[PDB]
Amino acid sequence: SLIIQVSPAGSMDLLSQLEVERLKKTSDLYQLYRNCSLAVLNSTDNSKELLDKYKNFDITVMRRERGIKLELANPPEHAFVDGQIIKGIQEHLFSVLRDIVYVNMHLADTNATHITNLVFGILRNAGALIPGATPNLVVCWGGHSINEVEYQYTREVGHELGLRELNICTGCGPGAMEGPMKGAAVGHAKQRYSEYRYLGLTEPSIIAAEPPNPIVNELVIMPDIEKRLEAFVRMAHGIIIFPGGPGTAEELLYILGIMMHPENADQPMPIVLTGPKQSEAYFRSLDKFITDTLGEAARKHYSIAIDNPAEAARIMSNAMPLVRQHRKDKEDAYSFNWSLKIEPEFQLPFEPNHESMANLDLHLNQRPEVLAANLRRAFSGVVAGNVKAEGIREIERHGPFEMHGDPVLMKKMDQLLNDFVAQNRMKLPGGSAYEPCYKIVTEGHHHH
């Protein structure tokens, strides 16, 4: 076996022996830590089977004179340039260790208050919440599987964000999770913005499929999908949304459900949907889905900017003084939006299985915010069925997840999902044809 030593991290705190003992190869905690560290070294598909290709990989944590040193057994050779691990990948290994450790030390210490304080704590522990920072963070969302035209577009938006001294917070992995940071690197250099921040959020059951690029200079591993959604919207000062598949619709329905709450009517966070000229049909269909399901009231919470990278960035840049003023109006923090009201329906972690998917309430007779929360979960289930080990396994055992609801809505969701399949948004190129993991059915007398 090839054994490689990773020297201590710039800025990783000393750990105690109690903090790290749960990580020995011995609880499934080691396997989870190993699997996240493997994903960071393996930064070329979304169906987990490279976790059969690195079976002999393992990682050992050593407490030493300057803090933690890591020993890697048989690491991916693509983490190397000229025999050395890329420094940004080195920093990600330490980020993985830090967050796994932190969460495991605070699994002990209402529940809605608990979840928000836990999200705040993880982010604060990661160094992601800079107290003195003026608002400038744009969350970017978009598909992992996008064409070259969409990809170049996300790169040019990132350039435009860079020229305006804005920072980027996004998911991890290929497609729209990687383009803007590459564009921002150039626009930040032109503008001499050396304090740039490219935050990449992930969680343990999706990191292998959507692994962090080395350019991400603040990686944070959140415990689950809902906590990462809540981290995105409490840190965001503005949000740009590119074309994407089910994961990107999920995010859109999460934020629109929150923003329709009357207590959030004065939250100024700008939301811009944007894409190249060729995405015009895609946005017409999305805009129509949203206002047909959630009503015409949802329209006030976002705008659409087609084929104009500088417009999206300018709308974000121009809103930063509005964000500043609103935070001071609420006696809130610039770096973490505590005053944003997030109802428990957006926090409750959702575990996609046949029963939970069939339990979803997709009828028109609810508050729109609540229909949004249920649609968020439906799209979360399609993602899971497609890419999470445990969700793919449910689909293997029992076939597709079945959903039902108002027939008009179900038809519209079924068409949206078929469009995602026709636009190749479900699967990166070069597997076999995509087989849907979902089936829309009509809602179903006793024997006596």
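Numbers for residues come from their place in the sequence shown, where the first is 1.
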Classify the number of deposited-sequence residues missing from the model between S43 and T44: none, 1 to 3, 4 to 9, or 10 or more.
1 to 3
How big is the unmodelled gap, if any, between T26 and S27 relative to the deposited sequence? Choose none, 1 to 3, 4 to 9, or 10 or more.
1 to 3
Mean B factor on CA atoms, stretches 173 to 181 and 136 to 144, record says higher is 173 to 181
Per the entry, higher mean C-alpha B factor between 311 to 319 and 75 to 83:
75 to 83
With respect to the C-alpha temperature factors reported in the PDB entry, which of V382, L70, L409, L38 ranks highest?
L409
Tertile call for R228 (CA temperature factor, within chain, third-based) is the middle
Going by the recorded CA B-factors, say which third of the chain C437 sits in, lowest, middle or highest.
middle
Is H363 in the lowest, middle or highest third of its chain when residues are ranked by C-alpha B-factor?
highest
For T154, does the deposited CA B-factor place it in the lowest, middle or highest third of the chain?
lowest
Chain-relative CA temperature factor third for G295:
highest
